[PDB]
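Raw start.pdb, PDB, C-alpha atoms:
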ATOM      1  CA  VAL A 349     -93.784  12.106 -50.364
ATOM      2  CA  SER A 350     -95.814  11.834 -53.539
ATOM      3  CA  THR A 351     -98.377   9.045 -53.375
ATOM      4  CA  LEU A 352    -100.178   7.560 -56.367
ATOM      5  CA  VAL A 353    -103.836   8.097 -55.540
ATOM      6  CA  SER A 354    -105.745   7.518 -58.795
ATOM      7  CA  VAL A 355    -105.262   5.397 -61.927
ATOM      8  CA  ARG A 356    -107.770   5.623 -64.781
ATOM      9  CA  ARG A 357    -107.911   4.069 -68.250
ATOM     10  CA  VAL A 358    -109.266   6.433 -70.910
ATOM     11  CA  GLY A 359    -110.065   5.710 -74.552
ATOM     12  CA  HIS A 360    -110.642   8.515 -77.056
ATOM     13  CA  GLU A 361    -113.152   8.281 -79.870
ATOM     14  CA  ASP A 362    -112.535   9.921 -83.226
ATOM     15  CA  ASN A 363    -115.552  12.233 -82.808
ATOM     16  CA  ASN A 364    -113.745  14.148 -80.003
ATOM     17  CA  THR A 365    -115.301  12.260 -77.093
ATOM     18  CA  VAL A 366    -113.939  10.085 -74.294
ATOM     19  CA  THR A 367    -114.559   6.446 -73.411
ATOM     20  CA  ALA A 368    -113.552   6.218 -69.754
ATOM     21  CA  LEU A 369    -113.488   3.525 -67.097
ATOM     22  CA  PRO A 370    -114.182   4.307 -63.431
ATOM     23  CA  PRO A 371    -110.878   5.094 -61.732
ATOM     24  CA  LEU A 372    -108.947   2.838 -59.407
ATOM     25  CA  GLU A 373    -108.315   5.125 -56.454
ATOM     26  CA  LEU A 374    -105.932   4.513 -53.571
ATOM     27  CA  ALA A 375    -105.787   5.979 -50.053
ATOM     28  CA  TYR A 376    -102.787   6.239 -47.740
ATOM     29  CA  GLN A 377    -102.294   6.513 -43.995
ATOM     30  CA  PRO A 378    -101.817  10.212 -43.196
ATOM     31  CA  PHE A 379     -99.222  11.959 -41.049
ATOM     32  CA  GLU A 380    -101.031  14.838 -39.346
ATOM     33  CA  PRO A 381     -99.001  15.192 -36.135
ATOM     34  CA  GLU A 382    -100.289  18.686 -35.392
ATOM     35  CA  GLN A 383    -103.774  17.385 -34.556
ATOM     36  CA  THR A 384    -103.237  13.797 -33.388
ATOM     37  CA  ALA A 385    -100.405  14.602 -30.947
ATOM     38  CA  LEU A 386    -101.315  13.092 -27.572
ATOM     39  CA  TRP A 387     -99.414  13.454 -24.299
ATOM     40  CA  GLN A 388     -99.453  10.565 -21.834
ATOM     41  CA  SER A 389     -97.918  10.153 -18.396
ATOM     42  CA  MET A 390     -95.201   7.523 -18.054
ATOM     43  CA  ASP A 391     -95.070   6.059 -14.555
ATOM     44  CA  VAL A 392     -93.839   2.699 -15.850
ATOM     45  CA  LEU A 393     -90.256   3.962 -16.003
ATOM     46  CA  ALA A 394     -89.836   4.817 -12.299
ATOM     47  CA  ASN A 395     -86.343   6.114 -11.423
ATOM     48  CA  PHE A 396     -85.215   6.071 -15.055
ATOM     49  CA  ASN A 397     -82.358   8.511 -15.404
ATOM     50  CA  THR A 398     -79.707   9.396 -17.961
ATOM     51  CA  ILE A 399     -77.526  10.939 -15.236
ATOM     52  CA  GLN A 400     -77.146   7.503 -13.637
ATOM     53  CA  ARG A 401     -76.484   4.211 -15.442
ATOM     54  CA  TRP A 402     -79.863   3.560 -17.065
ATOM     55  CA  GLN A 403     -80.530   2.877 -20.746
ATOM     56  CA  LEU A 404     -83.423   2.412 -23.153
ATOM     57  CA  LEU A 405     -82.076  -0.423 -25.259
ATOM     58  CA  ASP A 406     -82.944  -4.007 -26.086
ATOM     59  CA  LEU A 407     -80.823  -6.885 -25.013
ATOM     60  CA  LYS A 408     -82.093 -10.404 -25.856
ATOM     61  CA  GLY A 409     -82.691  -9.225 -29.432
ATOM     62  CA  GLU A 410     -86.496  -8.970 -29.383
ATOM     63  CA  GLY A 411     -86.946  -5.697 -31.311
ATOM     64  CA  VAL A 412     -88.500  -3.551 -28.554
ATOM     65  CA  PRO A 413     -86.354  -1.615 -26.042
ATOM     66  CA  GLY A 414     -86.084  -2.729 -22.451
ATOM     67  CA  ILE A 415     -84.783  -0.870 -19.416
ATOM     68  CA  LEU A 416     -81.246  -1.764 -18.364
ATOM     69  CA  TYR A 417     -79.658  -0.576 -15.148
ATOM     70  CA  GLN A 418     -76.043  -1.639 -14.737
ATOM     71  CA  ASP A 419     -73.987  -1.589 -11.544
ATOM     72  CA  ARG A 420     -70.323  -2.618 -11.538
ATOM     73  CA  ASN A 421     -71.269  -6.044 -10.157
ATOM     74  CA  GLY A 422     -74.764  -6.897 -11.385
ATOM     75  CA  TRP A 423     -77.084  -5.786 -14.157
ATOM     76  CA  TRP A 424     -80.824  -5.284 -13.766
ATOM     77  CA  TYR A 425     -83.196  -5.613 -16.711
ATOM     78  CA  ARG A 426     -86.852  -4.927 -17.507
ATOM     79  CA  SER A 427     -88.004  -6.701 -20.654
ATOM     80  CA  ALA A 428     -90.900  -5.237 -22.600
ATOM     81  CA  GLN A 429     -94.043  -7.330 -22.298
ATOM     82  CA  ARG A 430     -97.793  -7.298 -22.903
ATOM     83  CA  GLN A 431    -100.349  -5.676 -20.645
ATOM     84  CA  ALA A 432    -103.118  -8.229 -20.296
ATOM     85  CA  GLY A 433    -105.727  -5.611 -19.426
ATOM     86  CA  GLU A 434    -107.581  -3.779 -22.131
ATOM     87  CA  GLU A 435    -105.961  -3.190 -25.517
TER      88      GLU A 435
ATOM     89  CA  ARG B2327     -46.473  -6.328   3.282
ATOM     90  CA  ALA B2328     -50.101  -7.492   2.951
ATOM     91  CA  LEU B2329     -52.698  -9.139   0.672
ATOM     92  CA  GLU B2330     -55.488  -6.684  -0.094
ATOM     93  CA  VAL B2331     -58.750  -8.482  -0.945
ATOM     94  CA  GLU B2332     -62.224  -7.216  -1.883
ATOM     95  CA  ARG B2333     -65.361  -9.225  -1.070
ATOM     96  CA  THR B2334     -68.959  -8.577  -2.129
ATOM     97  CA  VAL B2335     -71.927  -9.624   0.026
ATOM     98  CA  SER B2336     -75.467  -9.559  -1.360
ATOM     99  CA  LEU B2337     -77.811  -9.549   1.616
ATOM    100  CA  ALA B2338     -80.855 -10.853  -0.249
ATOM    101  CA  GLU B2339     -78.674 -13.753  -1.395
ATOM    102  CA  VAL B2340     -77.526 -14.284   2.203
ATOM    103  CA  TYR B2341     -81.047 -14.193   3.642
ATOM    104  CA  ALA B2342     -82.368 -16.548   0.971
ATOM    105  CA  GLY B2343     -79.547 -19.014   1.600
ATOM    106  CA  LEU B2344     -80.074 -19.487   5.311
ATOM    107  CA  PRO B2345     -80.652 -23.101   6.401
ATOM    108  CA  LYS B2346     -84.080 -24.362   7.308
ATOM    109  CA  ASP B2347     -85.100 -23.798  10.965
ATOM    110  CA  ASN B2348     -83.120 -20.529  10.621
ATOM    111  CA  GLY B2349     -85.877 -18.939   8.540
ATOM    112  CA  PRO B2350     -84.816 -18.202   4.963
ATOM    113  CA  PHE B2351     -86.706 -15.312   3.424
ATOM    114  CA  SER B2352     -86.806 -12.873   0.532
ATOM    115  CA  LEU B2353     -85.404  -9.451   1.390
ATOM    116  CA  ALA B2354     -87.573  -7.714  -1.201
ATOM    117  CA  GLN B2355     -90.746  -9.486  -0.039
ATOM    118  CA  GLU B2356     -90.145  -9.155   3.707
ATOM    119  CA  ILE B2357     -89.158  -5.489   3.799
ATOM    120  CA  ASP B2358     -92.490  -4.276   2.435
ATOM    121  CA  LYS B2359     -94.170  -6.734   4.785
ATOM    122  CA  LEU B2360     -92.452  -5.223   7.837
ATOM    123  CA  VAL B2361     -92.828  -1.674   6.512
ATOM    124  CA  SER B2362     -96.565  -2.091   5.850
ATOM    125  CA  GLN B2363     -97.450  -3.553   9.237
ATOM    126  CA  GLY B2364     -96.063  -2.096  12.447
ATOM    127  CA  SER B2365     -93.515  -4.651  13.623
ATOM    128  CA  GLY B2366     -92.211  -8.098  12.828
ATOM    129  CA  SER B2367     -89.151 -10.235  12.243
ATOM    130  CA  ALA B2368     -87.560 -12.204   9.435
ATOM    131  CA  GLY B2369     -85.199 -15.023  10.261
ATOM    132  CA  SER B2370     -83.512 -15.347  13.620
ATOM    133  CA  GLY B2371     -80.129 -15.020  15.267
ATOM    134  CA  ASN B2372     -77.882 -12.327  13.840
ATOM    135  CA  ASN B2373     -79.139 -12.823  10.267
ATOM    136  CA  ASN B2374     -82.489 -11.266  11.095
ATOM    137  CA  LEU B2375     -84.518  -8.339   9.812
ATOM    138  CA  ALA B2376     -86.488  -6.540  12.505
ATOM    139  CA  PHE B2377     -87.074  -3.160  14.109
ATOM    140  CA  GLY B2378     -84.944  -1.581  16.788
ATOM    141  CA  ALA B2379     -85.668  -2.432  20.393
ATOM    142  CA  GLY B2380     -84.497   0.686  22.213
ATOM    143  CA  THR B2381     -85.925   4.161  22.354
ATOM    144  CA  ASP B2382     -85.813   6.452  19.269
ATOM    145  CA  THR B2383     -85.195   3.377  17.049
ATOM    146  CA  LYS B2384     -88.644   1.769  17.289
ATOM    147  CA  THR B2385     -89.487   3.127  13.822
ATOM    148  CA  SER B2386     -86.157   2.009  12.341
ATOM    149  CA  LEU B2387     -85.949  -1.094  10.138
ATOM    150  CA  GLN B2388     -82.712  -2.918  10.943
ATOM    151  CA  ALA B2389     -81.364  -5.547   8.534
ATOM    152  CA  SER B2390     -78.633  -7.350  10.465
ATOM    153  CA  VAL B2391     -76.197  -9.980   9.220
ATOM    154  CA  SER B2392     -73.668 -12.213  10.957
ATOM    155  CA  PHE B2393     -70.026 -12.260   9.933
ATOM    156  CA  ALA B2394     -69.172 -15.893  10.674
ATOM    157  CA  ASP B2395     -72.184 -17.011   8.633
ATOM    158  CA  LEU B2396     -70.714 -15.349   5.541
ATOM    159  CA  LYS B2397     -67.676 -17.696   5.734
ATOM    160  CA  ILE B2398     -65.200 -15.249   4.228
ATOM    161  CA  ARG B2399     -62.319 -17.248   5.764
ATOM    162  CA  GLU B2400     -63.079 -20.077   3.297
ATOM    163  CA  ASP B2401     -62.498 -17.904   0.209
ATOM    164  CA  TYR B2402     -58.736 -18.361   0.521
ATOM    165  CA  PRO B2403     -56.587 -21.141   1.983
ATOM    166  CA  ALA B2404     -55.316 -20.727   5.531
ATOM    167  CA  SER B2405     -51.737 -21.087   4.237
ATOM    168  CA  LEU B2406     -51.754 -17.477   3.025
ATOM    169  CA  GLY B2407     -52.423 -15.895   6.402
ATOM    170  CA  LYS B2408     -54.447 -16.633   9.512
ATOM    171  CA  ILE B2409     -54.981 -12.913  10.200
ATOM    172  CA  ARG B2410     -57.841 -11.475   8.168
ATOM    173  CA  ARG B2411     -58.972  -8.007   9.214
ATOM    174  CA  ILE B2412     -61.491  -5.638   7.659
ATOM    175  CA  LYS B2413     -60.085  -2.561   5.914
ATOM    176  CA  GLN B2414     -63.180  -0.803   4.551
ATOM    177  CA  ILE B2415     -66.894  -1.532   4.103
ATOM    178  CA  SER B2416     -69.060   0.290   1.568
ATOM    179  CA  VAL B2417     -72.786  -0.130   0.943
ATOM    180  CA  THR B2418     -74.659  -0.207  -2.363
ATOM    181  CA  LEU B2419     -78.444  -0.175  -2.616
ATOM    182  CA  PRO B2420     -79.041  -1.138  -6.262
ATOM    183  CA  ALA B2421     -81.302   1.086  -8.389
ATOM    184  CA  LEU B2422     -83.054   2.610  -5.386
ATOM    185  CA  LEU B2423     -82.500   6.358  -5.595
ATOM    186  CA  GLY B2424     -82.602   8.971  -8.287
ATOM    187  CA  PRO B2425     -79.924  11.558  -8.894
ATOM    188  CA  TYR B2426     -81.498  13.989  -6.402
ATOM    189  CA  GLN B2427     -82.887  11.580  -3.792
ATOM    190  CA  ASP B2428     -81.397  10.424  -0.503
ATOM    191  CA  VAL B2429     -81.393   7.419   1.777
ATOM    192  CA  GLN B2430     -80.668   7.568   5.501
ATOM    193  CA  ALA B2431     -79.060   4.377   6.755
ATOM    194  CA  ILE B2432     -76.620   3.626   9.566
ATOM    195  CA  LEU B2433     -74.199   0.709   9.192
ATOM    196  CA  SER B2434     -72.958  -0.185  12.679
ATOM    197  CA  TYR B2435     -71.129  -2.976  14.502
ATOM    198  CA  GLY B2436     -71.256  -4.480  17.983
ATOM    199  CA  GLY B2444     -65.393   6.680  16.853
ATOM    200  CA  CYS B2445     -64.990   4.351  13.884
ATOM    201  CA  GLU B2446     -67.783   1.824  14.469
ATOM    202  CA  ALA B2447     -70.654   3.374  12.472
ATOM    203  CA  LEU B2448     -71.217   4.714   8.971
ATOM    204  CA  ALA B2449     -73.984   6.844   7.451
ATOM    205  CA  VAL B2450     -75.283   5.915   4.000
ATOM    206  CA  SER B2451     -76.402   8.859   1.870
ATOM    207  CA  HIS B2452     -76.563   7.911  -1.819
ATOM    208  CA  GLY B2453     -76.055   4.137  -1.720
ATOM    209  CA  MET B2454     -73.957   3.874  -4.899
ATOM    210  CA  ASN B2455     -70.632   2.360  -3.787
ATOM    211  CA  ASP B2456     -71.239   4.646  -0.845
ATOM    212  CA  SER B2457     -68.807   4.801   2.028
ATOM    213  CA  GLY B2458     -69.546   7.080   4.938
ATOM    214  CA  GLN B2459     -67.022   9.709   4.028
ATOM    215  CA  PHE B2460     -67.073  12.734   1.727
ATOM    216  CA  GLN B2461     -63.677  11.607   0.446
ATOM    217  CA  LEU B2462     -62.356   8.126   1.140
ATOM    218  CA  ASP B2463     -58.578   8.260   1.461
ATOM    219  CA  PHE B2464     -56.336   5.353   2.377
ATOM    220  CA  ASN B2465     -53.812   7.950   3.530
ATOM    221  CA  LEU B2470     -57.851   5.158  10.875
ATOM    222  CA  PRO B2471     -60.838   3.161   9.545
ATOM    223  CA  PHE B2472     -61.541  -0.244  11.104
ATOM    224  CA  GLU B2473     -58.535  -1.378  13.081
ATOM    225  CA  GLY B2474     -59.398  -4.443  15.151
ATOM    226  CA  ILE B2475     -62.354  -5.875  13.209
ATOM    227  CA  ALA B2476     -62.036  -9.537  12.263
ATOM    228  CA  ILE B2477     -64.082 -11.047   9.466
ATOM    229  CA  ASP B2478     -65.209 -14.119  11.399
ATOM    230  CA  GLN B2479     -66.650 -12.532  14.553
ATOM    231  CA  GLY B2480     -69.402 -10.022  15.217
ATOM    232  CA  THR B2481     -72.550  -8.805  13.527
ATOM    233  CA  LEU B2482     -73.096  -5.893  11.144
ATOM    234  CA  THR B2483     -76.503  -4.222  11.085
ATOM    235  CA  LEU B2484     -78.013  -1.586   8.792
ATOM    236  CA  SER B2485     -80.675   0.665  10.309
ATOM    237  CA  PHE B2486     -83.167   2.529   8.106
ATOM    238  CA  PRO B2487     -84.863   5.181  10.276
ATOM    239  CA  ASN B2488     -88.490   6.306   9.920
ATOM    240  CA  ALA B2489     -89.214   3.070   8.022
ATOM    241  CA  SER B2490     -92.694   2.438   9.443
ATOM    242  CA  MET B2491     -95.798   3.213   7.389
ATOM    243  CA  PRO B2492     -98.389   3.151  10.263
ATOM    244  CA  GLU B2493     -96.275   5.823  11.974
ATOM    245  CA  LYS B2494     -96.196   7.652   8.589
ATOM    246  CA  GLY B2495     -92.458   8.027   8.297
ATOM    247  CA  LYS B2496     -90.478   9.006   5.250
ATOM    248  CA  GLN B2497     -88.774   6.083   3.450
ATOM    249  CA  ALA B2498     -91.776   3.879   4.120
ATOM    250  CA  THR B2499     -92.779   4.200   0.471
ATOM    251  CA  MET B2500     -89.137   4.210  -0.600
ATOM    252  CA  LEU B2501     -88.127   0.981   1.131
ATOM    253  CA  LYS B2502     -90.953  -0.917  -0.552
ATOM    254  CA  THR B2503     -89.110  -0.335  -3.843
ATOM    255  CA  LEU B2504     -85.898  -1.959  -2.604
ATOM    256  CA  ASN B2505     -84.150  -4.669  -4.600
ATOM    257  CA  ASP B2506     -81.121  -5.701  -2.536
ATOM    258  CA  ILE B2507     -78.521  -4.488  -0.040
ATOM    259  CA  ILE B2508     -74.918  -4.932  -1.199
ATOM    260  CA  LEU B2509     -71.906  -4.649   1.116
ATOM    261  CA  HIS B2510     -68.426  -4.181  -0.367
ATOM    262  CA  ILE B2511     -66.124  -5.612   2.291
ATOM    263  CA  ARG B2512     -62.410  -4.966   1.781
ATOM    264  CA  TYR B2513     -60.006  -6.891   3.988
ATOM    265  CA  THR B2514     -56.335  -7.819   4.269
ATOM    266  CA  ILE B2515     -54.564 -11.168   4.636
ATOM    267  CA  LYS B2516     -51.354 -10.418   6.504
TER     268      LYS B2516
END

Give the structure from this file in structure tokens form.
Amino acid sequence: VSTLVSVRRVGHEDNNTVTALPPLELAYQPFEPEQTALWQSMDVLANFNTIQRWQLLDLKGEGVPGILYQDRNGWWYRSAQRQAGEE
Amino acid sequence: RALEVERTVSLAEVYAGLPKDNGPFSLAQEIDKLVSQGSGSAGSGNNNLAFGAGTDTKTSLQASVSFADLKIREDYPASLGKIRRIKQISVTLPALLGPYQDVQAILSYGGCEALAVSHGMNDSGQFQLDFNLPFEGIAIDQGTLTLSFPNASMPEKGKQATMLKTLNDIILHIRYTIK
């Protein structure tokens, strides 16, 4: 991507000089995945398996994927929620 | 020359729907109670959850159910046939095991009277189930059908003590005829 990082208004005098304003400068959120890549254990998803009938998808709408296990008679769901603990 | 019927029995639904003075209980909340402590019971009669009484089964968690208490004979009118005999029973333990894990469970009745559960996913006893002599003589309205999980005691440090705490239900797929 190209990101617009600096806009400046410049006036030019006739005696080959410059009348300049201080620039409006803009900063963007960076994508440096080589440094900030963090690995974390995932024990929340116990017995999740693509060999059996599990799925990361969202029912109920709700925009964040749940965990659906589906037998031929009943379906078992785990809706995504909020940890009340720390963050 | 027969009427071939399938019936599903959820044992946590059965144990929760016992009458009062017969001790209704949650199967998921009373298995990890009995696994954690040494011994106990849950309910009474034939719809009870306890440990085995005899030798070599003291560390085996047995979840028994009665057949007349299921009232399968009320699912169809008596005008179709008064003879209703079991053809095949399969067990399903929902979402318990991975693709490379095993359960050891024995489904018996009080030869062809017992059945060993291995994967618990529409699991019959057999390596191949062919209807080409399983369960001749067994009526749907008499008897009791128990399911024994061996080594299921945590103070004795058995395997499947940690595994039975993560148990959701026990599902029995009873197939029977109406001749």

Point-to-point distance in Å for atom CA of residue 2430 of chain B and atom CA of residue 2340 of chain B:
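Separation between atom CA of residue 2340 of chain B and atom CA of residue 2430 of chain B: 22.3 Å.
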
Counting only C-alpha atoms, which residues from chain B have an atom at most 9 Å from any atom of chain A, and could you show them as a ChimeraX atom specification?
/B:2334,2420-2425,2454

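Between atom CA of residue 2484 of chain B and atom CA of residue 2409 of chain B lies a distance of 25.7 Å.
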
Name the residues that the PyMOL selection byres ((chain A and resi 356) around 7) pulls out of this structure, and write them as a PyMOL selection string.
chain A and resi 354-355+357-358+369-372

Step by step: start from the point (-63.5, -5.9, 2.1) in the file's coordinates, keep every protein, DNA or RNA residue that has an atom no farther than 8 Å from it, count all atoms listed in the file, and write the set as number ranges by chain.
B: 2331-2334, 2412-2415, 2510-2514

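At a cut-off of 12 Å from (-91.3, -0.8, -3.7), the residue set is residues 394 and 395 of chain A; 2353, 2354, 2355, 2356, 2357, 2358, 2359, 2361, 2362, 2421, 2422, 2423, 2497, 2498, 2499, 2500, 2501, 2502, 2503, 2504, 2505 and 2506 of chain B (counting only C-alpha atoms).
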
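Each of B:2403, B:2343, B:2480, B:2371 was checked against residue 2434 of chain B using all atoms listed in the file; the smallest atom-to-atom distance is that of B:2480.
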
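Picture a line from atom CA of residue 2342 of chain B to atom CA of residue 2376 of chain B; it runs 15.8 Å.
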
Residues picked by the PyMOL selection byres ((chain B and resi 2457-2460) around 7) here, as a list in words?
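On the file shown, the PyMOL selection byres ((chain B and resi 2457-2460) around 7) covers residues 2415, 2416, 2417, 2448, 2449, 2450, 2455, 2456, 2461 and 2462 of chain B.
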
Once the PyMOL selection byres ((chain B and resi 2471) around 9) has been evaluated on this model, what residues remain selected, and can you format them as a PyMOL selection string?
chain B and resi 2413-2414+2445-2446+2464+2470+2472-2473

Residues near residue 425 of chain A, cut-off 8 Å, only C-alpha atoms, skip fewer than 3 positions along chain, as a compact mmCIF listing (two decimals) with C-alpha atoms, keeping the file's coordinate frame:
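New file part-v8.txt:
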# COMPACT_ATOMS: atom_id res chain seq x y z
CA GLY A 414 -86.08 -2.73 -22.45
CA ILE A 415 -84.78 -0.87 -19.42
CA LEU A 416 -81.25 -1.76 -18.36
CA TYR A 417 -79.66 -0.58 -15.15

Box in all listed atoms of segment 358-377 of chain A, axis-aligned, with 8 Å more on each side; write out centre and edge lengths in Å to one decimal as AutoDock Vina command-line options.
--center_x -108.9 --center_y 8.5 --center_z -63.6 --size_x 29.3 --size_y 27.3 --size_z 55.2

Non-local contacts of residue 2396 of chain B (9 Å; all atoms listed in the file; under 2 positions in same chain excluded) as a PDB file with C-alpha atoms, keeping the file's coordinate frame:
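And here is the file that came out, around_25.pdb:
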ATOM      1  CA  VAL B2335     -71.927  -9.624   0.026  1.00  0.00           C
ATOM      2  CA  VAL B2340     -77.526 -14.284   2.203  1.00  0.00           C
ATOM      3  CA  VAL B2391     -76.197  -9.980   9.220  1.00  0.00           C
ATOM      4  CA  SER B2392     -73.668 -12.213  10.957  1.00  0.00           C
ATOM      5  CA  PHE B2393     -70.026 -12.260   9.933  1.00  0.00           C
ATOM      6  CA  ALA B2394     -69.172 -15.893  10.674  1.00  0.00           C
ATOM      7  CA  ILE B2398     -65.200 -15.249   4.228  1.00  0.00           C
ATOM      8  CA  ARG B2399     -62.319 -17.248   5.764  1.00  0.00           C
ATOM      9  CA  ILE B2477     -64.082 -11.047   9.466  1.00  0.00           C
ATOM     10  CA  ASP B2478     -65.209 -14.119  11.399  1.00  0.00           C
TER      11      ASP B2478
END

Can we get segment 396-412 of chain A of that structure written down with N, CA, C and O atoms, as a short mmCIF file (atom, residue, chain, number, x, y, z; two decimals), in the first residue's frame?
data_model
loop_
_atom_site.label_atom_id
_atom_site.label_comp_id
_atom_site.auth_asym_id
_atom_site.auth_seq_id
_atom_site.Cartn_x
_atom_site.Cartn_y
_atom_site.Cartn_z
N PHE A 396 -11.02 -30.37 19.62
CA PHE A 396 -11.38 -29.87 18.30
C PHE A 396 -10.61 -30.66 17.25
O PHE A 396 -9.44 -30.98 17.43
N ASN A 397 -11.27 -30.93 16.13
CA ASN A 397 -10.76 -31.92 15.19
C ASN A 397 -11.44 -31.73 13.85
O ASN A 397 -12.67 -31.71 13.78
N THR A 398 -10.66 -31.62 12.78
CA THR A 398 -11.26 -31.58 11.45
C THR A 398 -11.48 -32.97 10.87
O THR A 398 -12.14 -33.09 9.83
N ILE A 399 -10.94 -34.02 11.50
CA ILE A 399 -11.21 -35.38 11.05
C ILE A 399 -12.62 -35.80 11.46
O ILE A 399 -13.31 -36.49 10.71
N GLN A 400 -13.06 -35.38 12.64
CA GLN A 400 -14.42 -35.60 13.10
C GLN A 400 -15.29 -34.40 12.70
O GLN A 400 -14.87 -33.55 11.92
N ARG A 401 -16.50 -34.33 13.24
CA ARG A 401 -17.48 -33.35 12.78
C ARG A 401 -17.48 -32.09 13.64
O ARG A 401 -18.48 -31.70 14.23
N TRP A 402 -16.33 -31.42 13.69
CA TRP A 402 -16.20 -30.13 14.34
C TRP A 402 -16.03 -29.03 13.30
O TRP A 402 -15.62 -29.30 12.17
N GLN A 403 -16.33 -27.80 13.69
CA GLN A 403 -16.25 -26.66 12.78
C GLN A 403 -16.01 -25.38 13.56
O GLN A 403 -16.65 -25.15 14.59
N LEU A 404 -15.10 -24.54 13.06
CA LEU A 404 -15.02 -23.14 13.45
C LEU A 404 -15.94 -22.34 12.54
O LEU A 404 -15.57 -21.99 11.42
N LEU A 405 -17.14 -22.05 13.02
CA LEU A 405 -18.03 -21.16 12.30
C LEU A 405 -18.91 -20.48 13.34
O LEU A 405 -18.95 -20.89 14.50
N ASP A 406 -19.61 -19.44 12.90
CA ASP A 406 -20.60 -18.79 13.75
C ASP A 406 -22.00 -19.10 13.26
O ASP A 406 -22.39 -18.71 12.16
N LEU A 407 -22.76 -19.80 14.09
CA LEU A 407 -24.21 -19.69 14.06
C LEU A 407 -24.60 -18.42 14.82
O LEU A 407 -23.75 -17.63 15.23
N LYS A 408 -25.91 -18.23 14.98
CA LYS A 408 -26.51 -17.12 15.75
C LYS A 408 -26.13 -15.74 15.21
O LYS A 408 -26.32 -14.73 15.89
N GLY A 409 -25.61 -15.67 13.98
CA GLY A 409 -25.01 -14.44 13.50
C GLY A 409 -23.71 -14.17 14.23
O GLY A 409 -22.74 -14.92 14.12
N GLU A 410 -23.69 -13.04 14.94
CA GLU A 410 -22.82 -12.63 16.04
C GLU A 410 -21.35 -12.37 15.65
O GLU A 410 -20.60 -11.89 16.49
N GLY A 411 -20.93 -12.63 14.42
CA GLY A 411 -19.69 -12.06 13.91
C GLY A 411 -18.39 -12.68 14.37
O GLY A 411 -17.35 -12.36 13.80
N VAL A 412 -18.41 -13.55 15.37
CA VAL A 412 -17.20 -14.19 15.86
C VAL A 412 -17.44 -15.70 15.88
O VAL A 412 -18.52 -16.15 16.29
#
